[PDB]
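Just the one chain here, the form deposited in one PDB entry, laid out as structure tokens.
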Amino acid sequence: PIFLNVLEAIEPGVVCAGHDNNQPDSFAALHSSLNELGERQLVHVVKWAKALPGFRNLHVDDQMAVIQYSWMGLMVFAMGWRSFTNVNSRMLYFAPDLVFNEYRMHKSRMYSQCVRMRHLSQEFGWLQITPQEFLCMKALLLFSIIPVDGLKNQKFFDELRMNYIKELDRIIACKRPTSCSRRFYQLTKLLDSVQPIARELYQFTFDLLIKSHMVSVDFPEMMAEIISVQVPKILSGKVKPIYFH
């Protein structure tokens, strides 16, 4: 099972946010820690992506592009899995030192987005997603958002994305024909549901970056760069998700 061997081998370990839990749960402290966690997780997402089967087949400029458009969906999907496995999904397990309860959901002023993230987390339980399904679904999320004008070499991207869809298909077929088809429908519907959630968070973090000097929220360098250079291409419609349905 070469493909799943690789996905297990490269899956990132635990990342802490560095949050001071003795602080009061203020809007500023909570988002400053979420932003630091994003910066820390971005390092791991880059190293993970570059180690995926076939990823180096992409043009080098397309490699950075797909990471810089897919990161929010990748990290929210992984956080949903962490939450499902660690607290059976009624708190958001952003990190071992940054677990959101309903109070922090409210204080962060992103309660409705947290509710949608919690619903995504719960789907791992409702659908009884296996670790292998999770790993292959998360890899596919890296290949699920691109510029409407295409990448520098779109042909190799389309081929790579095709191959990851095939791997998802194999994972479903190894498990068990009408059940295979039902499962693939369920998993592709689940994958589609990540992008609307990521879009809402992209809108929220963009607005927060613009007003960050007035609400006392710190943005690390890579986050500030990606959210001002790449995220607005998503929000203005220059970069769009690839949906199954």
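Quick note: we count residues from 1 along the sequence shown, nothing fancier.
Form solved in complex with a partner chain: not shown, discussed below.
With the partner left out here, its partner chain still marks one of 107 to 115, 143 to 151, 67 to 75, 160 to 168 in the entry with it bound; by a 4.5 Å heavy atom cut-off that stretch is 67 to 75. Heavy atoms of no residue among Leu34, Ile197 and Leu201 are located within 4.5 Å of its partner chain in the entry with it bound.
For the chain shown alone, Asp25 is not a contact residue for its partner chain in the entry with it bound, no non-hydrogen atom being within 4.5 angstroms. A residue is said to contact a partner when one of its heavy atoms sits within 4.5 Å of a partner heavy atom; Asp20 fails this definition for its partner chain in the entry with it bound, lying far away. Its partner chain is not drawn, but in the entry with it bound it has a heavy atom within 4.5 Å of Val43.
Contact check for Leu235: every heavy atom lies farther than 4.5 Å from its partner chain in the entry with it bound.
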